[PDB]
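Enquirer: what's the 3D shape of this:
(chains A, B, C, D, E, F and G)
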Amino acid sequence: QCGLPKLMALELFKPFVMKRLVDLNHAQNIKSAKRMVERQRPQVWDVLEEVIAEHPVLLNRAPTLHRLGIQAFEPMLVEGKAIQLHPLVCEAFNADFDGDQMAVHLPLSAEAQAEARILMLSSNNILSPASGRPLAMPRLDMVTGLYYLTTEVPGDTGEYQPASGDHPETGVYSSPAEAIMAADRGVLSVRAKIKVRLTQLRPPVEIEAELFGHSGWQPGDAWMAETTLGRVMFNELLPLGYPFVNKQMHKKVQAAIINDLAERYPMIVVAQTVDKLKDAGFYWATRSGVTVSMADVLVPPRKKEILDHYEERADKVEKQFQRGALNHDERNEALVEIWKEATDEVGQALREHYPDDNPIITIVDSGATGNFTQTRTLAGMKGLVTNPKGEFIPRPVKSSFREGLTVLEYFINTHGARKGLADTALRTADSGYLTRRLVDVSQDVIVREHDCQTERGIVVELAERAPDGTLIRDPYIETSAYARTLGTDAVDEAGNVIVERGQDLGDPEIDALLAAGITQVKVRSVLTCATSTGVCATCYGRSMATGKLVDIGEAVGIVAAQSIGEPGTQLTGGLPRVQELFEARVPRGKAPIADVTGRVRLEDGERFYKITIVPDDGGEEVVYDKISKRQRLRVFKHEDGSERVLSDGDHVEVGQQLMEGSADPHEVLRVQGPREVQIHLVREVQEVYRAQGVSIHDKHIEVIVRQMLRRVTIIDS
Amino acid sequence: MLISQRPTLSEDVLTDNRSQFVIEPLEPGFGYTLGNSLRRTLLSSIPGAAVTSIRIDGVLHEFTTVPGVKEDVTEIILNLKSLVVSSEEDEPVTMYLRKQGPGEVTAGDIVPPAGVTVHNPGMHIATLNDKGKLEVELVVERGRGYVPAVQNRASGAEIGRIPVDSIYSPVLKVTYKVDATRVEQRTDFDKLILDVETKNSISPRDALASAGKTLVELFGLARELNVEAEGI
Amino acid sequence: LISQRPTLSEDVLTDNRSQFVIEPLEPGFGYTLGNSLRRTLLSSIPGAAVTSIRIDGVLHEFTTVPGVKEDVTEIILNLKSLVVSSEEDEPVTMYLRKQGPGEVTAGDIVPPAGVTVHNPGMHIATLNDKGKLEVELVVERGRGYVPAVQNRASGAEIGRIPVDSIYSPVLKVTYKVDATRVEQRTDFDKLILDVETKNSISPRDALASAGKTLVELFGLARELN
Amino acid sequence: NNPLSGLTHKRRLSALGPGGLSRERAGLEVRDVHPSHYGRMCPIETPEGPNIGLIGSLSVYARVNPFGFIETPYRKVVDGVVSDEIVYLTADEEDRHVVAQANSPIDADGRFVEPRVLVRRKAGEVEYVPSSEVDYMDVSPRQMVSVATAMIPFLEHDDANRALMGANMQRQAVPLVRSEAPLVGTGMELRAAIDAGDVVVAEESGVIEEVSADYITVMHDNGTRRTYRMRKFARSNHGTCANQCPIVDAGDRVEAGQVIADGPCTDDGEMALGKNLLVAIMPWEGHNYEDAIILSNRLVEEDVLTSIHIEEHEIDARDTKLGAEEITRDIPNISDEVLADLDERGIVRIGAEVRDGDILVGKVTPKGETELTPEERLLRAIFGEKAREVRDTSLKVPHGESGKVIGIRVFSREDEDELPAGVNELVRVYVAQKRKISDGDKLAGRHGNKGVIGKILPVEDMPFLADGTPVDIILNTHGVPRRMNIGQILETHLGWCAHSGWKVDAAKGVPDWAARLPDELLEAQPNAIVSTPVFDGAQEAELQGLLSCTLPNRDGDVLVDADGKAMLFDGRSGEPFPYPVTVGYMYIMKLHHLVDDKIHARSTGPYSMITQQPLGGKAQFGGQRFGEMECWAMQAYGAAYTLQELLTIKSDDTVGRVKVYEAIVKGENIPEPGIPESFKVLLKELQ
Amino acid sequence: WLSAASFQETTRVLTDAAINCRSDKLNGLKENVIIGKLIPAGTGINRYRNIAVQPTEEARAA
Amino acid sequence: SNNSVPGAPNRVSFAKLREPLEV
Amino acid sequence: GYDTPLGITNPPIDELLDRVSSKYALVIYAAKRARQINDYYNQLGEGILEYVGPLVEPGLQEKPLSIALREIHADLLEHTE
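Expert: Numbering: from 1, shown residues only, chains lettered A, B, ... in the order given. Below is the structure:
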């Protein structure tokens, strides 16, 4: 639902309202009906309500970064002149409430209304199409309200007490309604730990097995729980039959719950459940006592001592500069490290001194909003500020914003503040330009086939195996392994296959291969999809927003372009690195590569650097010439030691990175082949987006790299 | 003042002892004013009967396990706290429950004195082991709302008696919410939705009627001051 | 722990402020009844107020009257503070004529039979030698707050100036409860309601109007289905 | 918009224009703060749009020499001794010395307390230096900030971003009907209001002979009289109301240079950009969720945030090819009911309330017979109305406008009034609307804390204090520690101390926290006004001490704790809120971003003649632009039919739009889209 | 060439389009957006577009 | 007091530093 | 196994995706059946060969899109891809 003003809906639905005014004989003809709508006769308000009934509208907020920037809603006539927006869709629109407007579009044709009702409805688009993780979830006040009641307090009133002496066990309630009554009188706290007999919540799969196991828990069967009343009230929100969760509801926990709900439970259940979560979160955020005051901003206890120790070290470095023992360029770096360590010590003095009842800590630690760096700047010290040059000033801002900056401290802070605001416009400009380039390069990439039947795929590193025997989960599972489809049966040490070919890698199906010992999977990719123009659905995989296999006809290219271009607002590598990769430029790094596998011949000096390679089979020596300003990459030598700095005698493979930097993709192609250069571009872009906190599935990057290598040149006619 | 007409009360029955009531439409914003009062009046001001304290034979100082039954003391107290009972006598009344041999004890196996009535004779209470015997005394009183066990410390004799929480209120769980309902053109009028789950002692309709009578008397204490005007 | 009937007694602080004590109430019940009485008091107590005014030398609000220090908008603002009561429950006209020099106050108004001004000392305007003020005030009876009725919806002509009507006669309502949490057989709450009015009606009359309103409203639950 | 905006305007220093630079020719180096801008150009007050850094504001004490450079004053230090001799230095002249910070510990004679003091040096170096090296020092702590920036209390506790936004939004404040000076001030409001020029200051000393709403006469000592005329309900440019009101009374001795009457956003001579509102910092049922604002309906009932706005409407009667347009009450095919508010000339009468669509000036223009539609000529024949060769071109009220007609101005060529050649008459109508605060209107404080009104609860729904007084505004707590604008919190605390008053324990000496406070601060009456100068003013120790000795109310009870929080009652349920909430008074301004102007909607309307697409902007009754990115969104959804509908029948399909309108009014289905006219134009241009 | 001239370097594309005498097969998202046809994606592809819906033979009495 | 030169209302300042030169 | 769908969420979008192969196809199904229903309402008073009326019982003043969506939900229509 969305709330729109009556005066807006009257003009938006003007011809429909005229038609209905002439039908119910409120107006003689259509002409006088138009005059009635223009004069706002009191009848129209009763007619307008009948008109907008179940007629969806489209809400849009510029900039339209991704497809969720326009969503369909059911309009509700509300008084006033402002549009009422649902709090959960604020994340998709990136819409705060500080004076920004939205546009409303009214679909007329039956096809357009159907596309709004089915394709663009806000309830049918809970997940992010870029990453598959939910967006319409508790985010600010809601996560705090849920984090409140799902907290265990050791000394809270009404807490369970073991039977001792003449009194039996204290704090064991027969029904959750009895616990509610006890909390109403004032004996029990909502966050106190107690034992409750539950009868309408499925126990955890751990304890459900020992209690029943043979048959599933039934609505009506009882079982004891050691939770809090608030945790039971939270477990009442999510649908019946979901396993009880006795955790503390952090934002990560709620996100995991909603992701599991989207995977297993249907769509309407997820929508209604998140509505329940919204209501409960607001209710309990109102009563969570979250408030900011000057008393709650605690200053570090050892502030003077820490700053005096580091002032001592800074004065010693200044005296070492007075005698000329330190270069002027080195004094700044020395003082920079001194004050960085000082700021770290002050932050550590803040973490331990602040209790967990303090609201400023509760806001940050519950995943609501804000960093602890902001809290340190608030209560501890601003730290090293940057001048318009870029390097940190050798003198930091020792005062905190609670204490009050001095005149010169404020003046030197304004430099970094203003330049940070200034470069943001240009960075957004380049981001949007790259986004539109990506849109045009992949606008016509559509899913036109169900399965192109090619057994080709690519190997994905599911996990790594540690030397002791334990398997460590690879960090790239989320973006490269999940939501994929198999192109080769997964075989462990036994002859049995764990997951068949062509099965969507769900959440438990990844643990199936993880617990089987196999650590590499061959999956179908949009890179290897051999189709004339578009791509097939089987190579593409699971639609991150739909949670199922992609439908035939979905413009996955534009979705990929938007998925890459939406987070491009925040970068430092950086954004020029992304442009270097997508434009196939000769990079700034210009790192060399091993054209032929063999033996290394390091002929290093100081005037320059030269390195030859004796081919492992036939061939002749290949001589290179490189500047001594670079350094060799620690190549995973055949010795199984990854930190083997490339010295002469190492056994490097074909297409192996020699020195650090960025290898020329143009040269990677003419060495290892199109497949490998595609993989290189994919994960090289993924590194830039991963080093910033953005999770984009490799699928969308592969969609673009597929369009980069669709053409070949002609050598002989 | 001015007249405000057509507020109606409609009932939807979920179960035999749980109903939703809608009061619609109410002037902005009377639903918030009366909803909390109606909930508290249901949950706190309906007379009922409940168990005040119990005393189990063989339990004098352990209050940990009872010999011959599978359930410990606290589980017996929990299922006895859910026993629904009504009494016509205002003074406390003592009932006894005795059963020997293996088998199952139910609320129907209790012998109720004249005046009191057990409304769930099929409620499980305890499982009796081989050659097992269970003798327990139950004190039943009349009250309103919910009173903790600690205040019942005086009603237990210094001889194995353990006070229990008393659920005097015949209603178990009541919630409410207010929505918007447009009567004519403005969409500010309030629609109150009450959800009441009670015990088999009385139906939700009678509980709501009792809360209404009590609240009419309560605000009539203020109405008896001047008897002035106000639109209906 | 058996029912004793609750009693309501009144204590007078000033001529327009009274405290009411209601005891005994069930534990937890006092806050809810205080809030219901407060919410009914602040919004649904009948009162009288000025609907529109009419000054001879002016046509709209955004002008001035020769000889007076306040413009028309400031005069209307000072008239918004007027407390008045009416027995007619129908529109009735009050008149005000004053020649300068001097000060025009709410006591210089001549109220027709049935209506009465309760603060004759309220400043309205300052008139110099060349000042003359002639004003007609339409007073109606209602409840709550209604904005100034438009001239397109009303039949009033151009010379009439509508004003916002603040009908509510109560000024400030609060409450506090004293709970007896002594772990014994007798727990009970005592509610203390504090009602301050604007000399239009006494606090007990306002509480009585709220009581009739709530008795009538809560009678809806008593009727069966 | 308000006097401060005009003053700031007159004190702007822009880099754009002839001889300067182009906006496309301005890198990130011309825009950022330079160390020579200290005490000359403000490093805070600057727009955050595309003109960031290119437009600054002159510092307070700064001045311009005849050469063109900006000089700033400094106190000359002889031999480590501060002297009252003040000299203005230029940029390079300042670089040839070293200057000490304004807040330096100084002996009563003038010698610096510490040998090493924070000192600024050329190339923007900040370091300690011996006391025998200081050549000059700053005049005032606020020497580096602008006038608007110097008006932010506790500015030293706000980050530069939100400080920039607060200074920029102070200039967007709307003059309210009545004005309240802020409880927590800085001292700059008085001089800002006086130097702005929107008040009335007495030129010569004397007594008030006659005071009226129209003018004020001052009888001087020599015997002469000077009369100042009040500007009443004047359309103040950007549509705001510039209204002056006398302050003095009859027979009041007034000195020269004293404010005898103040105008918009002024209270007793001080800048009153907003109102003092009782604020509570707590989330409330999600209606204040992320930067939304909950207001008490009292602010609507008592006109606390009500503002007057005036619009100018203009029309002219010219000479056409078939005659001359005439302004007349006789309009073809219009009832006597729509023309009822017009005088005998066809002009709306003064005092009439006009909604949107009402006629303001009745003008008819003669249309030729050869310009008639076949249907229009048949319709003229089937009604027998001959001699109607004129069509209606009256001046009507635009959509979204409504108010009282307050002024009419008529200029006639017949009456010697010089109009442009070809114009016979000209009418201007002034319409005044009284805008109360509404849901969606943008409020903001002085610390860059902005937000729209998400809900206006009834006065009983508001969380009220112990004595029953409900709060006026509810601000979400989550949007406080991110922005690093703790000033609004401090302003809150001090705010409450100003509303209640305080009394420091005088027995057993002066306490250790109030040792630095002036003796005038040890006692305060309720509703007292205070000053917190920028980079000076109240410290957190004195504020914490003041919160501990706040004066009780009329009942003798202290409502807020020494922590600054108070116990609140939920006005909807009645149960008190479980934890104490920070409650105080904050100065809130009504910004000139109201939903009454920003709401817009269009079914059909005018189309651009060349491209046949709907017009743009609200004033032209245009539609919204479905841009390129929105088309990408549609394509990503796969909504082919919606996109085609948007780009054809709903935009530039000449025949498709009319048939769609007919199909809607007929109840039929939506027809098939045609070919866009813009594509035809593209082909004709390629040709 | 119609999809390219609307992206970048309009004159540089139009010159080479007129010299090589290129004919554009109007089958693409951008082209159909420009000319007003249904985009060949989503509900615009021929698989979903040309579909006939008919009720099952079961019908009411009236 | 703050700004005691034109005849303004008496706004009391938390000033610890004197103002040597007026605006 | 869910709360009653209110407003535009009825019929549930999950069950509607069962009688159909994809979201995009359900769009066309519903739209074409809605055009049929609208033509029935506009050709009820005149002419023969009018499109098949509402298969299910229509609510008062119910949009043809909603009626078509419910008829799709009740397995009363066919298709031709």
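Enquirer: residue in chain B nearest to chain F?
Expert: Nearest residue of chain B to chain F: residue B:29, at 41.1 Å (Cβ to the nearest Cβ). (C-beta placed from N, C-alpha, C; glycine too.)
Enquirer: now do the contacts for that residue.
Expert: B:178, B:188, B:190, D:458, D:461 (Cβ atoms under 8 Å, 6 or more residues apart in numbering or on different chains).
Enquirer: am I right that the last one falls within a helix?
Expert: This means residue D:461. No. Looking at residue D:461 with DSSP: H, G, I helix; E, B strand; the rest coil, it is coil, so not inside a helix.
Enquirer: the longest helix seen in chain E close to chain A?
Expert: Among the segments of chain E that qualify as a helix by DSSP state H, the longest is helix E:10-19. No. Residues of helix E:10-19 are not located near chain A by Cβ under 8 Å from any Cβ of the partner chain, the shortest gap being 12.5 Å.
Enquirer: list the contacts of that helix.
Expert: Contacts for helix E:10-19 (Cβ under 8 Å, 6+ apart): D:686, E:1, E:4, E:5, E:22.
Enquirer: residue 14: how many residues sit nearby?
Expert: Assuming you mean chain A. 24 (other Cβ atoms under 10 Å in any protein chain shown).
Enquirer: switch to chain F, that's the one I care about
Expert: Residue F:14: 22 neighbours (other Cβ under 10 Å).
Enquirer: show me which residues of the next helix or strand after the longest helix of chain E are buried.
Expert: Once the chain leaves helix E:10-19, the next helix or strand it forms, by DSSP states H and E, is helix E:29-35. Across helix E:29-35, burial judged by 16 or more other Cβ atoms under 10 Å in any protein chain shown covers E:29, E:30, E:31, E:32, E:33, E:34.
Enquirer: which residues are contacting helix E:29-35?
Expert: Contacts of helix E:29-35 (Cβ under 8 Å, 6+ apart): A:440, A:443-444, A:555, A:558, D:631, D:635, D:643-644, D:647, D:675-676, D:679, E:2-3, E:6, E:24, E:26, E:37-41, E:44.
Enquirer: one more pass at 7 Å, please.
Expert: For helix E:29-35, contacts defined as Cβ atoms under 7 Å, 6 or more residues apart in numbering or on different chains pick out A:443-444, A:555, D:631, D:635, D:643, D:647, D:679, E:2-3, E:6, E:24, E:26, E:38-41.
Enquirer: of the residues you listed, just the buried ones, ChimeraX syntax please.
Expert: Here is the ChimeraX command that selects the buried residues among the contacts of helix E:29-35 (16+ other Cβ under 10 Å):
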select /A:443,444,555 /D:631,635,643,647 /E:2,3,6,38,39,40,41
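Enquirer: re earlier: now the contacts of helix E:10-19 as CSV including distance to residue D:65, neighbour count and secondary structure?
Expert: Shown next, in CSV, are the contacts of helix E:10-19 (distance: Cβ to Cβ, whole Å; neighbours: other Cβ atoms under 10 Å in any protein chain shown; DSSP: H, G, I helix; E, B strand; the rest coil):
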residue, distance to residue D:65, neighbour count, secondary structure
D:686, 60, 10, helix
E:1, 62, 15, coil
E:4, 58, 18, helix
E:5, 57, 18, helix
E:22, 66, 12, coil
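Enquirer: which of those come close to chain A?
Expert: Checked against chain A using Cβ under 7 Å from any Cβ of the partner chain, the contacts of helix E:10-19 give no members in range.
Enquirer: burial count for the closest residue to residue D:580 other than its chain neighbours?
Expert: Nearest residue to residue D:580 in three dimensions, chain neighbours excluded: residue D:565, at 3.5 Å (Cβ to Cβ, 6 or more residues apart in numbering or on different chains). Other residues lying near residue D:565 total 23 when counted by other Cβ under 10 Å.
Enquirer: my read: residue D:457 touches residue D:294, true?
Expert: Yes. Here residue D:457 lies in contact with residue D:294, judged by Cβ atoms under 7 Å, at a distance of 6.3 Å.
Enquirer: so if I had to pick from these two, which one is more boxed in?
Expert: Between residue D:457 and residue D:294, counted using other Cβ under 10 Å, residue D:294 has the larger neighbour count: 26 against 21.
Enquirer: which bits of chain G sit near chain E?
Expert: Counting by Cβ under 7 Å from any Cβ, chain G sits next to chain E at G:24-25, G:27-29, G:32-33, G:52, G:55, G:76-81.
Enquirer: what's residue 550 sitting at in phi/psi?
Expert: This is for chain A. Torsion angles at residue A:550 (phi, psi; degrees, to the nearest 10) stand at phi -60, psi 140.
Enquirer: to clarify, I was referring to chain D.
Expert: phi -70, psi 150.
Enquirer: out of everything not next to it in sequence, what's closest to it?
Expert: residue D:500 is the one closest to residue D:550 (Cβ to Cβ, 6+ apart), at 4.9 Å.
Enquirer: having no further points to raise, I will conclude here.
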